Amino acid sequence: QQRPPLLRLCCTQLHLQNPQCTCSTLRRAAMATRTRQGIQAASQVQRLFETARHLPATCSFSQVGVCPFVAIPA
Amino acid sequence: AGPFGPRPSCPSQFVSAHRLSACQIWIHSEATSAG
Ligand SMILES: [Cl-]
Ligand code: NA
Ligand code: NA
Ligand code: NA
């Protein structure tokens, strides 16, 4: 199937960035969601940051791949 | 590298890309599906 429309929009936005900015900005985006939404349950926080790190792959940043793990704040 | 290179500015690209707002919604949707 085609992807969910929201995921496709995310890829369009990510394509407005250079490959070497993608992981840093996705970390920033993940922290913004975690804080704004008050996500605190451990598995939800982990899945939040994991989902962010995996986005470059589906958005075809082959030179990036999956973003490296970084210890989650707080 | 040089003064006239492409010189990416990641924070500027982030705001120009709407702070990846659709990615934020997607990340939020996936997070609350945990477990
Ligand atoms: Cl679908
Ligand atoms: Na924060
Ligand atoms: Na909140
Ligand atoms: Na830009």
Side-chain angles (χ1 to χ4, degrees):
Chain A
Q1 260 185 271
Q2 289 184 257
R3 287 170 291 180
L6 181 62
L7 180 53
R8 285 139 60 176
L9 289 183
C10 165
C11 288
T12 294
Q13 295 179 331
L14 209 59
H15 290 164
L16 299 179
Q17 307 188 144
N18 295 127
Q20 56 271 47
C21 291
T22 287
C23 292
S24 176
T25 61
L26 283 165
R27 170 82 168 184
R28 180 173 172 180
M31 295 182 324
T33 292
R34 195 276 190 90
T35 292
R36 270 208 319 281
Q37 297 288 352
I39 296 169
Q40 294 309 329
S43 63
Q44 291 189 352
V45 175
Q46 293 163 0
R47 187 173 177 88
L48 192 161
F49 282 82
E50 180 174 278
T51 296
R53 290 192 296 104
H54 281 252
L55 283 169
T58 190
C59 303
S60 272
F61 283 94
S62 316
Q63 69 190 259
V64 176
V66 169
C67 295
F69 169 84
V70 189
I72 296 173
Chain B
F4 305 101
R7 292 165 67 98
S9 300
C10 303
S12 186
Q13 294 179 10
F14 182 66
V15 301
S16 291
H18 300 96
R19 300 185 183 211
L20 306 177
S21 61
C23 302
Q24 292 196 40
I25 299 190
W26 179 260
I27 288 160
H28 180 195
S29 173
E30 288 296 334
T32 63
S33 294

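Every chain is numbered from 1 and lettered A, B, ... according to where its sequence line falls, protein lines coming before strand lines. All values below come from the heavy atoms of this structure, side chains included, with hydrogens, waters and symmetry mates left out.
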Q: Can you hop from A:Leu6 to B:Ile27 via hydrophobic side chains spaced under 4.5 Å?
A: yes
Q: Within the distance-only criterion (no hydrogens, no angle test), does the side chain of B:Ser29 pair as donor or acceptor with the backbone N or O of B:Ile25 below 3.5 angstrom?
A: no
Q: Please check if the side chain of A:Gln13 supplies one atom and the backbone of B:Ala22 the other of a donor-acceptor pair under 3.5 Å.
A: yes
Q: Can any side-chain N or O of A:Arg47 pair as donor or acceptor with the backbone N or O of B:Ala31 at less than 3.5 Å?
A: no
Q: Quick one, A:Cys10 with A:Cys59, criterion disulfide bond (SG atoms under 2.5 Å apart). Give me CA distance, side-chain angles, the key distance, then yes/no.
A: CA-CA 8 Å; A:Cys10 165; A:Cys59 303; 4.6 Å; no
Q: Quick one: does B:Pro8's side chain get under 4.5 Å of A:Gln20's, heavy atoms only?
A: yes
Q: Of all the heavy-atom pairs spanning B:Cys23 and A:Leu26, show the shortest one and how long it is.
A: CB-CD2, 4.5 Å
Q: Give, for atom CH2 of B:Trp26 and atom OG of B:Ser21, the distance between the pair rounded to the nearest 0.5 Å.
A: 14.5 Å
Q: Please check if atom NE2 in B:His18 has more than 12 non-hydrogen atoms from other residues, nucleotides or ligands closer than 6.0 Å.
A: no
Q: Answer yes or no: is there a side-chain heavy-atom contact under 4.5 Å between A:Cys11 and A:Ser60?
A: no
Q: Any sub-3.5 Å donor-acceptor pair from A:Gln17's side-chain atoms to B:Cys10's backbone N or O?
A: no
Q: Starting at CD of A:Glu50, measure out to CD1 of A:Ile72 and round the result to the nearest 0.5 Å.
A: 9.0 Å
Q: Using every non-hydrogen atom in the two residues, find where A:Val64 and A:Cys23 come nearest and quote the distance to one decimal.
A: CG1-SG, 3.6 Å
Q: Before you tell me yes or no, could you show the steps for A:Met31 and A:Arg27 under side-chain contact (heavy atoms from CB on, under 4.5 Å), namely the whole-Å CA-CA distance, both residues' side-chain angles and the distance that decides it to 0.1 Å?
A: CA-CA 6 Å; A:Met31 295 182 324; A:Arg27 170 82 168 184; 4.3 Å; yes
Q: Keeping A:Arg8 on the side-chain end and A:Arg3 on the backbone end, is there a donor-acceptor pair under 3.5 Å?
A: yes
Q: Quick check on A:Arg36: does its CZ atom have over 12 non-hydrogen neighbours (other residues, nucleotides or ligands) under 6.0 Å away?
A: yes
Q: Backbone N or O of B:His28 within a donor-acceptor pair of the A:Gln37 side chain at under 3.5 Å?
A: no
Q: Between A:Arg34 and A:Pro73 (side chain of the first, backbone of the second, donor and acceptor by atom type, cut-off under 3.5 Å), is there such a pair?
A: yes
Q: Would A:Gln44 and A:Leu48 count as a side-chain contact (heavy atoms from CB on, under 4.5 Å) here? Give the steps.
A: CA-CA 6 Å; A:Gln44 291 189 352; A:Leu48 192 161; over 6 Å; no
Q: For the atom pair OG1 (A:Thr25) and CG (A:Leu16), what is the distance rounded to the nearest 0.5 Å?
A: 10.5 Å
Q: Say you draw a straight line from CD of A:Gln46 to CD1 of A:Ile39; how long is it, rounded to the nearest 0.5 Å?
A: 12.5 Å
Q: So, do A:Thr22 and A:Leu55 sit near enough that their side-chain heavy atoms are less than 4.5 Å apart?
A: no
Q: How long is the gap from CZ on A:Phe69 to CZ on A:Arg53, to the nearest 0.5 Å?
A: 7.0 Å
Q: Working to the nearest 0.5 Å, report the span between CZ of A:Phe49 and SG of A:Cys67.
A: 12.0 Å
